[PDB]
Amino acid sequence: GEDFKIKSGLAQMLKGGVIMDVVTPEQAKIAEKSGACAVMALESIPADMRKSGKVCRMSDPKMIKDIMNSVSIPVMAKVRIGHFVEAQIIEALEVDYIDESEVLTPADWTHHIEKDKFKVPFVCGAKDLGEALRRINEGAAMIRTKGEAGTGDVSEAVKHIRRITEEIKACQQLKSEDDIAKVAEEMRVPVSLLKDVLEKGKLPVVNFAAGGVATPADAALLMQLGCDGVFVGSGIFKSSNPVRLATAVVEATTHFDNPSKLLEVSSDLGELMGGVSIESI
């Protein structure tokens, strides 16, 4: 409770923001000055890692320390799924948020990290209620949609948030203490969570959107859809005029319901990263 609520709070305190994937301090500075609520330090970029296909690991501290020494706003970093020692090494680094990110090469195909044992807040991907709950029950402070990272395609990210919202609800308007008991056991999670969700109609944690956000339009689409905030990563920086696009997205995320404003910031944006349409995977 006390320990948790503090973690959730830090995460919860990021509501309405935009986190940005940064590769270098230069990039970090651009992101802070653009309105980013935080930055994700990493030495190589989602849209490149998904082609390599080399092992993608925790990023080198020096690299991170630098990025995190050149900005006021908090700094996130990535660790491989199940790679608790990588996480240990980053709690030590005094990073702000850790992200057990499925976009890197997993380290345990069977066990995620025991995030409870850490004092730093974690962020985790989910594509559905169960998965969401399992990660939360596992000690996840914050949650984001998975989506197809690096693709440039919202199709996925959106579908997820829809499902979670659809699932939370479906399961919600159902009947029996036993009916639930089952669903809790099924998705391998304490009855107490599934329950706080139904009693609150929403996860206990902040639910951000990640993977496939390339346009201000997209960002806004995901808030209108329910998300609590937005992860963009490159290719903001893989675009023609990053600084501009970066701001467009931050602005698009705060005013996500201002057709007039939205449009204003969606004009003369330049050429954006050529995504890879999910379908054609």
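Numbering starts at 1 and follows the sequence shown.
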Per the record, averaged over C-alpha atoms, which has the higher B-factor: 254-262 or 6-14? 6-14
Which has higher Cα B-factors on average according to the PDB entry: 53-61 or 234-242? 234-242
From 175, 200, 111, 160, residue of greatest CA B-factor: 200
When the CA B-factors of 79, 103, 124, 187 are compared as recorded in the entry, which is the largest? 187
Is the Cα B-factor recorded for residue 215 in the lowest, middle or highest third of its chain? middle
For residue 43, the third of its chain by CA B-factor is the middle
Ranked against its chain, the third holding the CA B-factor of residue 192: highest
Among the modelled residues of its chain, the C-alpha B-factor of residue 139 falls in the third labelled middle
Temperature factor at the Cα of residue 83, chain-ranked in thirds, falls in the lowest
